[PDB]
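Peer 1: Line by line, the protein sequences give chains A, B, B' and A'. A prime marks a further copy of an entry chain. So the mapping is simple: PDB author numbering equals the position in the first sequence, first residue as 1, plus 18. So the mapping is simple: PDB author numbering equals the position in the second sequence, first residue as 1, plus 16. So the mapping is simple: PDB author numbering equals the position in the third sequence, first residue as 1, plus 16. So the mapping is simple: PDB author numbering equals the position in the fourth sequence, first residue as 1, plus 18.
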Amino acid sequence: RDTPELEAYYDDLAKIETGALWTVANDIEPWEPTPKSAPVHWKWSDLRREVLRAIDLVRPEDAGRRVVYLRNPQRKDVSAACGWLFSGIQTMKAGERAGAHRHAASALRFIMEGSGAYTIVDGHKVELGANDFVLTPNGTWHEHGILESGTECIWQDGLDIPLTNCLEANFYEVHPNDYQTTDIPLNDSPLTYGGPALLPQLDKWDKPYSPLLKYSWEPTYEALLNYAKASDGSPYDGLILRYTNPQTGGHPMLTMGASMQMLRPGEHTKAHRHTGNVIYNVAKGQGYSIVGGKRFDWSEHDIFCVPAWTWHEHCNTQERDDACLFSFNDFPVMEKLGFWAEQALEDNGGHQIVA
Amino acid sequence: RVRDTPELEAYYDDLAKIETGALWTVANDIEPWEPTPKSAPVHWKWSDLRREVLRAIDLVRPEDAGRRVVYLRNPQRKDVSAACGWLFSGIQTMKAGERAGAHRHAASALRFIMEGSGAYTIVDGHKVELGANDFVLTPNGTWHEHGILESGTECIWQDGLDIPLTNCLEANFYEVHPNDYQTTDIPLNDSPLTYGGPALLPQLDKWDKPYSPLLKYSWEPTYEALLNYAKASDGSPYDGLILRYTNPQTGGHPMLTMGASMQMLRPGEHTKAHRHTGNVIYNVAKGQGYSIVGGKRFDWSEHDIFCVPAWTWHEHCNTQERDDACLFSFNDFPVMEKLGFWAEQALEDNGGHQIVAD
Amino acid sequence: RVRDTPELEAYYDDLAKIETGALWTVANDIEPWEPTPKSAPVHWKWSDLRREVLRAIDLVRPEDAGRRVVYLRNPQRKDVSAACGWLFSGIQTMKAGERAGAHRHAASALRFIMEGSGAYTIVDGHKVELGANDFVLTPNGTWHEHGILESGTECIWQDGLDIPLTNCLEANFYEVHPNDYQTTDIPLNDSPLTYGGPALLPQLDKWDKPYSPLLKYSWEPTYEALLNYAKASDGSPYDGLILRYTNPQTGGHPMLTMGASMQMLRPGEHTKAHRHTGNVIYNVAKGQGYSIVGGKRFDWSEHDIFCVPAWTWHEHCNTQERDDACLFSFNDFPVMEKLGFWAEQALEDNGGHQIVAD
Amino acid sequence: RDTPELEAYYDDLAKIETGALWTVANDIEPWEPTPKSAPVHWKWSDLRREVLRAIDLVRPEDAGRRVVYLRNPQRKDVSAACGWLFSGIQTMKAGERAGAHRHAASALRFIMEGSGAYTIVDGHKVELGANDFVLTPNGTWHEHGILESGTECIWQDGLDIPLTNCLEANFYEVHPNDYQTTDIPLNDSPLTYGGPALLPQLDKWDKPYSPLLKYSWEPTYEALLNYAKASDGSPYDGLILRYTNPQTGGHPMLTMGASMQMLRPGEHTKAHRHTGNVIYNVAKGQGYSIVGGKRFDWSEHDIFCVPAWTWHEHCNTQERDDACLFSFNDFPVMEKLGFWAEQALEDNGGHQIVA
Ligand SMILES: [Fe+2]
Ligand SMILES: [Fe+2]
Ligand SMILES: [Fe+2]
Ligand SMILES: [Fe+2]
Ligand SMILES: [Fe+2]
Ligand SMILES: [Fe+2]
Ligand SMILES: [Fe+2]
Ligand SMILES: [Fe+2]
């Protein structure tokens with residue numbers, strides 16, 4: 019036990035708002051990181067049913083608000099899905115309309131069902147189909163909706179709200195007159211900045227985020243097929259392409275990156291771990307994944323977590339069909355702050371034991 | 017007051033079964049309009065600080081000798097042991113003979129000398145010598161050891177670390193040197209002597225690290241730079257004549273996560289109040305005066321330490337009649353700047369001065 | 017008229033003895049107010065071009081077989097053999113079987129296919145296949161060889177080189193491959209298939225060259241990109257809908273010295289005239305019309321070549337009623353942009369159209 | 019000889035402004051560069067005498083204009099000193115004054131004698147002493163003069179006029195009202211941006227050239243002495259420091275770089291060659307240099323050329339005194355356009371044979 023002299027010294031230190039470093043929990047400087055976030059897998063059958071169920075059970079108040087957010091069991095206090103990333107599933111009918119606002123939190127919206135979905139980002143209107151995603155970067159006036167001719171749409175939102183909050187950098191304001199006014203032609207952004215290695219001769223665009231705000235499923239699929247003709251990709255991800263800011267080559271946003279990967283028929287990757295958090299969405303196909311020993315058998319439009327520094331591998335159970343996983347992450351924040359670390363699994367042939 | 021329907025409550029429980037929830041059930045948005053400081057402003061008098069740090073020598077056990085450091089503990093940040101925001105700060109003491117072993121960690125560190133002479137650090141083979149008000153960098157993942165040269169005196173210094181940030185972001189690594197100490201034949205002070213020149217770099221620059229090649233930042237030349245700056249400008253209305261330390265190779269910040277500044281307040285100067293999104297820890301390098309942080313007045317003198325939480329009104333004052341005052345600071349800024357979270361705002365009311373809340 | 021004093025003339029000769037002169041003796045400042053084009057605008061009809069290039073096959077000796085190329089010679093730039101400014105351009109022909117050896121040089125090159133199918137180039141092991149209106153890069157100091165695949169036809173292509181610039185700046189190097197040809201097992205078209213995706217890069221990018229990882233730029237997807245661009249904009253008043261090719265890894269230009277553009281002119285479009293500091297060489301990828309360069313009218317059609325000297329008024333027109341016209345171009349721009357020499361100016365007079373000087 | 023068929027073919031090619039590549043001089047693509055510029059050495063005794071001599075022999079017309087430009091024998095047509103660089107020696111008395119103008123050509127002015135010399139660059143006034151140099155970068159309003167209390171001053175001008183001209187990028191205009199109007203404090207630039215690894219917290223300066231426009235001799239000398247305590251420098255240059263843009267770490271200007279080197283007592287460097295042109299000015303000391311086999315015995319304030327791809331080495335003949343060479347160059351244009359190449363001499367111990 020401590021000496022009456024020591025216990026008097028710690029008490030003296032507290033009086034001046036100080037302490038002894040030998041008195042704290044030994045993992046103030048840990049040998050390696052250990053995630054507080056736990057691996058979770060969300061079944062599309064459950065999500066579609068419970069989100070649509072919300073329409074008839076929601077009050078006149080709390081318009082939306084009406085989101086089924088993915089709560090990590092170990093991340094309940096900050097309502098995050100993985101690490102410092104927020105994710106919610108939401109729905110709207112044709113003609114429905116949410117007012118414009120801006121926040122310091124960056125966001126992306128990945129459509130998983132329906133047609134007619136749109137987003138105005140700083141006057142640039144963008145229409146989205148299944149497996150397309152739109153960017154709404156930090157500080158931009160954005161609003162969402164469904165076109166009048168559209169169907170009922172269901173999408174996933176990914177934000178860095180928890181990161182924005184914990185860093186004490188959060189800001190919010192509603193549009194001074196509810197909705198943005200713009201005469202800029204529809205889909206101007208993807209149509210002008212969406213060409214392969216191609217940019218307007220005069221680039222009047224000087225913002226640190228991507229000028230391309232919509233990333234299309236079809237051309238991305240087409241490009242992965244092309245990548246399949248010339249490379250095997252990585253041992254840990256297969257044919258993996260990351261989305262870019264075409265002005266810089268860097269990530270689409272300052273805090274968030276996104277990727278799309280293709281797994282060949284019967285392919286089973288090796289396992290690795292890294293310092294970022296990753297949230298996967300199954301854009302196409304059927305298979306399973308092992309993350310932290312736990313097995314997740316996934317189908318089209320399922321969602322699953324991979325916490326930081328957690329062993330993870332992927333597998334396509336289809337016999338003659340490729341599988342495509344969309345994913346977004348906090349990679350840019352890792353890379354910019356020099357915290358990016360990666361390590362392969364040496365045990366087995368590079369594969370986790372499933373219990 | 018009014019409980020919502022059993023239908024809704026069945027739905028909430030159904031959502032919990034698949035590890036989800038209804039967003040309208042939370043409550044609360046912690047005010048998304050503007051940041052809420054999680055740290056409290058705190059002052060640390062050098063009188064108390066120095067006196068309590070020396071006491072640790074005779075009280076520390078056989079073990080805990082390597083951990084013999086008094087850390088600045090923010091009363092609202094005890095859970096993560098931060099001094100302010102996601103920044104760690106500690107006070108150490110070593111004597112003429114003493115030296116420590118070398119380790120490497122993901123966290124970045126600053127070592128600002130407060131008292132003494134002939135302190136030294138080895139960073140990846142680069143040996144640097146330090147005096148009062150000088151500081152060194154021990155950046156991400158670099159081999160670093162501390163000690164005092166034979167000809168030196170008893171030293172007291174302040175450590176600055178982004179430890180809470182690194183743990184928080186789940187990215188901290190640690191390993192001791194396999195040989196306990198580093199073996200280096202590189203000439204002494206090679207870094208500040210090759211990279212410390214005013215707007216000058218070696219013609220063939222072989223440095224390939226994202227952080228500064230200049231690892232020691234010297235008090236004397238910094239002070240002389242501020243005297244010169246004073247001849248041509250009044251600087252910022254909110255800090256006086258304020259220069260930030262830089263990475264001479266890129267012109268950016270010294271380290272990827274922490275920035276550092278030195279500022280000179282003219283005799284009798286009272287600065288204007290402002291807010292910003294970073295967390296800043298101040299060490300008084302020279303002089304005497306006060307500061308008002310979030311309503312609280314901190315009368316400081318040489319080597320006092322105080323911090324300013326994010327989005328908190330702050331202003332600085334030099335009480336002296338003839339002599340200038342200098343405030344060293346290290347901060348959170350590179351993380352706010354790179355992630356696009358930087359914001360600043362001036363106090364409009366009361367002539368740019370806070371109402372002092374006793 | 018009036019000779020200056022023998023005292024002055026003794027002084028001038030004294031200055032020459034130490035290899036100097038009096039600045040007031042020159043005369044002339046070549047007009048320092050604005051640039052003077054050193055190149056003349058020139059048109060090259062495909063009819064003549066193709067016809068004269070094929071003739072070279074039977075006329076060339078045993079030697080000179082490797083040099084069998086008709087270069088575009090600017091009449092006011094014969095001394096340095098440039099097509100326009102400091103840019104070289106030539107026309108080559110190869111048949112289904114033929115292939116050349118590999119060499120490496122400091123100059124950068126573009127190879128734009130004008131006629132034929134199944135052309136190929138190896139760049140540092142990267143094998144690419146080319147069709148009409150596609151082009152490849154053979155950047156600074158890279159191992160490159162050209163040829164036609166077995167299944168291909170007779171090909172005619174245009175080479176674009178910064179040879180005059182490199183000689184002018186005294187920096188050109190040359191060496192043949194020690195093994196005559198390159199040995200590569202890398203899968204065909206690996207570069208455009210891994211780097212040709214719309215806003216997509218391999219998660220682990222291992223390319224570490226200052227120039228583009230994407231070496232083949234394809235006509236078909238470029239054309240489809242312009243049709244899409246047309247749905248949302250009218251582009252520039254001076255070029256119509258104009259996209260430049262980029263380095264997908266940095267977002268900058270494809271090579272450190274040469275830029276390249278493709279532009280689509282809507283049916284019946286007459287563009288506005290402008291000046292700029294670069295030199296541009298145009299190849300007609302699709303359609304028919306005319307252009308006015310420095311007063312001269314050039315009625316062009318598919319695969320005609322013309323250049324625009326620096327600081328020369330130029331405008332483009334599409335004569336067709338239903339179909340769009342496309343103009344490929346490669347240019348000097350990266351050198352003007354990086355050295356801070358870029359300047360542009362619009363024609364104010366005559367509704368933005370030049371007076372055509374017959 | 020050529021066949022009547024061939025000579026008719028070349029004639030046909032000329033009619034359409036074309037030629038045969040096998041008919042041109044073989045060194046269109048040379049194996050390596052060979053400089054047209056020749057090594058030259060200008061003696062300070064000659065320069066001081068002939069420049070001062072110009073005052074009494076110049077007409078009322080041609081005010082200045084009154085410059086003794088260093089003409090390379092092989093570069094007479096473009097009036098360059100080396101490669102594409104212009105250099106002239108000029109003088110002014112106290113109170114003398116040249117009007118403000120701007121040009122696309124970048125320039126630097128290296129003071130070699132006298133006191134009171136000044137330059138206003140875009141409102142920023144800068145005073146210069148011996149061995150100090152001021153930048154007047156592309157497109158900036160600049161004017162020169164000597165303070166009323168100053169002495170007779172002699173300086174060297176270094177410009178990239180020939181480069182600006184050959185690239186067809188030259189522009190010029192006189193100030194709409196002759197002289198710049200500014201209330202910005204004297205020496206504001208060196209005093210605010212001249213600190214070692216130190217910049218103002220808010221940097222309102224967004225120009226691609228250096229915010230530090232004056233580089234001082236004394237602190238640069240002081241820094242070379244410090245560099246001498248910890249390194250041997252390069253085998254080919256000794257203790258060589260290059261001047262920087264302190265906002266970027268890059269070169270002070272877009273087309274021009276500058277360096278200052280210290281040679282230790284009795285030091286004799288090895289020889290190398292590179293793709294840039296370099297013009298040296300002897301800021302302090304006495305010694306010799308070998309460039310292209312030719313020996314140049316230099317003294318304080320001498321000037322000498324080193325053409326591109328020409329072997330060059332340096333030597334301090336002083337027994338117990340360091341020698342300092344100032345130099346400026348076209349290195350940034352080489353580096354930015356990827357034309358930078360360097361090669362050591364292997365013959366001898368790395369030393370040229372003097373004939
Ligand atoms: Fe939002
Ligand atoms: Fe992964
Ligand atoms: Fe440490
Ligand atoms: Fe502040
Ligand atoms: Fe070639
Ligand atoms: Fe043009
Ligand atoms: Fe000038
Ligand atoms: Fe050299």
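Ideal Cβ positions, reconstructed from N, Cα and C, are used throughout, including at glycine.
Assign B/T137 to buried or exposed, taking buried as 16 or more other Cβ atoms, counted over all protein chains shown, within 10 Å of its Cβ.
Peer 2: For this step, residue 137 of chain B is matched to residue 121 along the second sequence. By the neighbour-count rule (16 or more Cβ atoms within 10 Å), B/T137 is buried.
Peer 1: Provide the residue(s) that pair with A/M110 in DSSP beta bridges, ordered along the chain.
Peer 2: As a first step, residue 110 of chain A is located in the first sequence; it is residue number 92 there, counting from the start. BP columns for A/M110 point to A/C171.
Peer 1: At a CB-CB cut-off below 9 Å, which residues of chain A' make contact with B'/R291?
Peer 2: As a working note, residue 291 of chain B' is residue 275 in the third sequence. The contacting residues do not exist; B'/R291 stays about 11 Å from chain A' at best.
Peer 1: Confirm the yes/no value for this check: CB of A/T210, any heavy atom of ligand 7, distance under 7 Å.
Peer 2: Here residue 210 of chain A refers to the residue found at position 192 of the first sequence. No, the Cβ of A/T210 stays beyond 7 Å of every heavy atom of ligand 7.
Peer 1: Would you call the region 302-316 of chain B in contact with the region 47-66 of chain B, where contact means no fewer than 3 C-beta pairs closer than 8 Å?
Peer 2: Cβ pair count under 8 Å is three or more, so yes.
Peer 1: Taking B'/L209 as the query, report the chain A residues whose CB atoms sit under 7 Å from its CB, ordered along the chain.
Peer 2: Taking the first residue of the third sequence as position 1, residue 209 of chain B' is located at position 193. Under the 7 Å cutoff, chain A gives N244, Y245, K247, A248.
Peer 1: How would you list, in chain order, the residues of chain B whose beta-carbon sits under 9 Å from the beta-carbon of A'/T287?
Peer 2: Reading the fourth sequence from its first residue, position 269 is the one you call residue 287 of chain A'. Ordered by position in chain B, no residue passes the 9 Å Cβ test against A'/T287, which lies about 12 Å from the chain.
Peer 1: Quick check on B'/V18: does DSSP put it in helix, strand or coil?
Peer 2: The residue labelled residue 18 of chain B' in the question sits at position 2 within the third sequence. Coil at B'/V18, not helix or strand.
Peer 1: What does DSSP give as the partner residue(s) for B/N299 in the beta ladder?
Peer 2: What you label residue 299 of chain B is simply residue 283 of the second sequence in a count that begins at 1. For B/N299, which the question treats as bridged, DSSP gives the partners B/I321, B/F344.
Peer 1: Express the C-alpha separation of A/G256 and A/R282 in angstroms, rounding to a whole number.
Peer 2: Locating residue 282 of chain A in the first sequence gives position 264, counting from the first residue. Locating residue 256 of chain A in the first sequence gives position 238, counting from the first residue. Distance between the alpha carbons of A/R282 and A/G256 is about 8 Å.
Peer 1: Looking at ligand 8, does it come within less than 7 Å of A'/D255, judged from the CB to the closest heavy atom?
Peer 2: Numbered from its first residue, the fourth sequence carries residue 255 of chain A' at position 237. Because some heavy atom of ligand 8 lies under 7 Å away, the Cβ of A'/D255 counts as near it: yes.
Peer 1: List, in order along the chain, the chain B residues whose C-beta lies closer than 8 Å to that of A'/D206?
Peer 2: In the fourth sequence, residue 206 of chain A' corresponds to position 188, counting from 1. Residues of chain B passing the Cβ test: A248, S249.
Peer 1: Beta strand (DSSP E) containing B'/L146: first to last residue?
Peer 2: Residue mapping note: residue 146 of chain B' aligns to position 130 of the third sequence, counting from 1. Counting along the chain, the beta strand (DSSP E) containing B'/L146 begins and ends at 142-147.
Peer 1: Look at residue 385 of chain A and A/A359 and say whether their C-beta atoms are less than 8 Å apart.
Peer 2: For residue 385 of chain A there is no data in the structure shown, the boundaries of chain A being 19 and 373.
Peer 1: How would you write the range of the beta strand (DSSP E) that B'/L153 sits in, first residue to last?
Peer 2: Here residue 153 of chain B' refers to the residue found at position 137 when the third sequence is read from its first residue. Run containing B'/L153: 151-154, per the beta strand (DSSP E) assignment.
Peer 1: What does A'/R260 pair with, by DSSP beta-bridge criteria?
Peer 2: Against the fourth sequence, residue 260 of chain A' aligns to sequence position 242. Looking at the DSSP assignment, A'/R260 forms a beta bridge with B/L217, A'/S277.
Peer 1: Does any CB atom of chain A fall closer than 8 Å to the CB of B'/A215?
Peer 2: Taking the third sequence and counting its residues from 1, one reaches residue 215 of chain B' at position 199. At least one chain A Cβ lies under 8 Å of B'/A215.
Peer 1: List the whole-angstrom C-beta distance separating A'/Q108 from A'/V76, where the pair is believed to meet the contact cut-off of C-beta under 8 Å.
Peer 2: For the purposes of this step, residue 108 of chain A' is identified with residue 90 of the fourth sequence, where counting begins at 1. For the purposes of this step, residue 76 of chain A' is identified with residue 58 of the fourth sequence, where counting begins at 1. Going by Cβ atoms, the distance from A'/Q108 to A'/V76 rounds to 12 Å, so no, they are not a contact pair.
Peer 1: So which residues on chain B does A/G106 lean against when the C-beta distance must stay under 7 Å?
Peer 2: Here residue 106 of chain A refers to the residue found at position 88 when the first sequence is read from its first residue. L39, listed in chain order.
Peer 1: Roughly how far, in whole angstroms, is the beta-carbon of B/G168 from the beta-carbon of B/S133, given that I think they are within contact range, below 8 Å?
Peer 2: Counted from its first residue, the second sequence places residue 168 of chain B at position 152. Counted from its first residue, the second sequence places residue 133 of chain B at position 117. Correct: roughly 5 Å between the Cβ atoms.
Peer 1: Ligand 3 and A'/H121: does any heavy atom of the ligand fall closer than 7 Å to the residue's C-beta?
Peer 2: As a working note, residue 121 of chain A' is residue 103 in the fourth sequence. Answer for A'/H121: no, Cβ out of range of ligand 3.
Peer 1: Got a sec: does ligand 5 put a non-hydrogen atom nearer than 7 Å to the Cβ of B'/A118?
Peer 2: Numbered from 1 along the third sequence, position 102 holds the residue referred to as residue 118 of chain B'. Result no, Cβ not under 7 Å from ligand 5.
Peer 1: Tell me the DSSP secondary structure of B'/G176 in three-state form.
Peer 2: Here residue 176 of chain B' refers to the residue found at position 160 of the third sequence. DSSP places B'/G176 in strand when its eight states are reduced to three.
Peer 1: Three-state secondary structure (DSSP) at A/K225?
Peer 2: Within the first sequence, the letter at position 207 stands for residue 225 of chain A. A/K225 falls in the coil class under three-state DSSP.
Peer 1: Kindly say whether A'/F357, judged by its beta-carbon, lies nearer than 8 Å to any beta-carbon of chain B'.
Peer 2: Residue mapping note: residue 357 of chain A' aligns to position 339 of the fourth sequence, counting from 1. Closer than 8 Å to some Cβ of chain B', the Cβ of A'/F357 qualifies, so yes.
Peer 1: Please look up how many angstroms separate the CB atoms of B'/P229 and B'/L272, rounded, as I've assumed it's under 8 Å.
Peer 2: On the third sequence, position 213 is the one that residue 229 of chain B' refers to. On the third sequence, position 256 is the one that residue 272 of chain B' refers to. About 14 Å; that fails the 8 Å criterion.
Peer 1: Determine, using beta carbons only, whether B'/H193 comes closer than 8 Å to chain A'.
Peer 2: Residue numbering aside, residue 193 of chain B' sits at position 177 when the third sequence is read from its first letter. For B'/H193, the answer is no, since every Cβ of chain A' falls outside 8 Å of its Cβ.
Peer 1: Distance, Cα to Cα, B'/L88 vs B'/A98?
Peer 2: Numbered from its first residue, the third sequence carries residue 88 of chain B' at position 72. Numbered from its first residue, the third sequence carries residue 98 of chain B' at position 82. Cα-Cα distance, rounded: 7 Å.
Peer 1: Please classify A'/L243: does DSSP put it in a helix, a strand, or coil?
Peer 2: Numbered from its first residue, the fourth sequence carries residue 243 of chain A' at position 225. DSSP, reduced to helix, strand and coil, places A'/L243 within a helical segment of the structure shown.
Peer 1: Consult DSSP for B/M130 and reduce its assignment to one of helix, strand or coil.
Peer 2: Reading the second sequence from its first residue, position 114 is the one you call residue 130 of chain B. Reduced to three states, the DSSP call for B/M130 is strand.
Peer 1: Is any heavy atom in ligand 1 found nearer than 7 Å to the beta carbon of A/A81?
Peer 2: As a working mapping, residue 81 of chain A is identified with position 63 in the first sequence. A/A81: no, Cβ never under 7 Å from ligand 1.
Peer 1: Please determine, among B/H286, B/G141, B/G305, B/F322, the residue with the shortest C-alpha to C-alpha distance to B/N295.
Peer 2: Numbered from 1 along the second sequence, position 279 holds the residue referred to as residue 295 of chain B. It is B/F322.
Peer 1: Using the Cα positions of B'/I129 and B'/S234, report the straight-line distance between them to the nearest angstrom.
Peer 2: Your numbering for residue 129 of chain B' matches position 113 in the third sequence. Your numbering for residue 234 of chain B' matches position 218 in the third sequence. For B'/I129 and B'/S234, the distance between alpha carbons rounds to 10 Å.
Peer 1: Below 8 Å, how does it come out for the region 317-331 of chain B' and the region 259-275 of chain B': are there three or more Cβ pairs, yes or no?
Peer 2: no
Peer 1: Between B'/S105 and A/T210, which are expected to be in contact by the criterion C-beta below 8 Å, what is the C-beta distance as a whole number of angstroms?
Peer 2: Along the third sequence, read from residue 1 onward, the residue named residue 105 of chain B' stands at position 89. Along the first sequence, read from residue 1 onward, the residue named residue 210 of chain A stands at position 192. No, B'/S105 and A/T210 are not in contact; Cβ-Cβ is about 30 Å, not under 8 Å.
Peer 1: Between B'/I73, B'/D196, B'/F344, which lies nearest to B'/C171 when the distance is taken from Cα to Cα?
Peer 2: Position 155 of the third sequence, counting from 1, holds the residue named residue 171 of chain B'. Out of B'/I73, B'/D196, B'/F344, B'/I73 has the C-alpha closest to the C-alpha of B'/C171.
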